[PDB]
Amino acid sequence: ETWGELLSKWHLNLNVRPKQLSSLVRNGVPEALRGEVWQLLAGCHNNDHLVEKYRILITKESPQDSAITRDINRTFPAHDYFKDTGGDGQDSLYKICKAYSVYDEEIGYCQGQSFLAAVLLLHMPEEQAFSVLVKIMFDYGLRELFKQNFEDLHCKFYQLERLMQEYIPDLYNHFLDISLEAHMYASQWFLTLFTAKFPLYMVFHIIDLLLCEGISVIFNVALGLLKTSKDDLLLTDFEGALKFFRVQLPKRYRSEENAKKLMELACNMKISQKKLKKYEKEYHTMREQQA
């Protein structure tokens, strides 16, 4: 495209993102270019060291075989690439997940990580998918949500609710009235970056935005989802709200048009780093008092 010219430009200087990249990413990266573009966004291009390590890691046993197997059995099992249990896709998926469990000695394999691994394997080869997965967990900071009995996740829930008070006040008020807290609905959004419940078309666009702009885009998407469906939530009771989040909400985004308007709104509902850091500080101060 425009994409072709952009990639030529980028390859003249892989150290610096071209000025028009963020605007082109906002519209969605083409499927066939995501393998390359995701690697470049994440800052790995021929990351030889991680690939060398990976080749050793795959010879080691995982102490989390059972968790990994369970997750893989629920990871896009009908998809053409993953449906053959002896296929290359499923083989690669196991190896990546096991390798990760051995690589991150402190934390190990994280529940749901197979969905993210699978998203990456849908667009690039195995060894590169491992590399990108590591960068998402370590550099972008996904693994931080799993430390300290999920303390940073709890922080994100607090942040989401403060943002809702501000940008979706009617919905915030209603959720207060029915005592529905974010931990009851937003956990998989954050911990899996939407990979575990939303349709792939939408999920790929989310990764495009997340790799370009950072892990904070989960807030933008969260607010876009809540604002778009708020009228199906405002008059519901507790059970009703949960049922909506579990069944109807992901079903809406099977439509490509619905998913495109959602990512547009998410980008438009962008939240500043300054604002997020304020709310993070508020949460930390609060936790210190009660401690």
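The first residue of the sequence shown is number 1, and the count goes up from there.
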* Output the stretch having the higher mean C-alpha B factor in the entry; the candidates are 13-21 and 265-273. => 265-273
* To do: Take the C-alpha B-factors listed in the entry for 64-72 and for 30-38, compute each mean, and give the stretch with the larger one.
  => 64-72
* To do: Would you please rank residue 199 by its C-alpha temperature factor against the other modelled residues of its chain and give the third it falls in: lowest, middle or highest?
  => middle
* Which third of the chain holds residue 126 when residues are ordered by C-alpha B factor: lowest, middle or highest? -> lowest
* Structure fact -> Of the three thirds of Cα B-factor ranks in this chain, residue 188 occupies the middle
* Place residue 234 in the lowest, middle or highest third of its chain's C-alpha B-factors, as listed in the PDB entry. => middle
* Among the modelled residues of its chain, does the C-alpha B-factor of residue 77 lie in the lowest, middle or highest third? -> middle
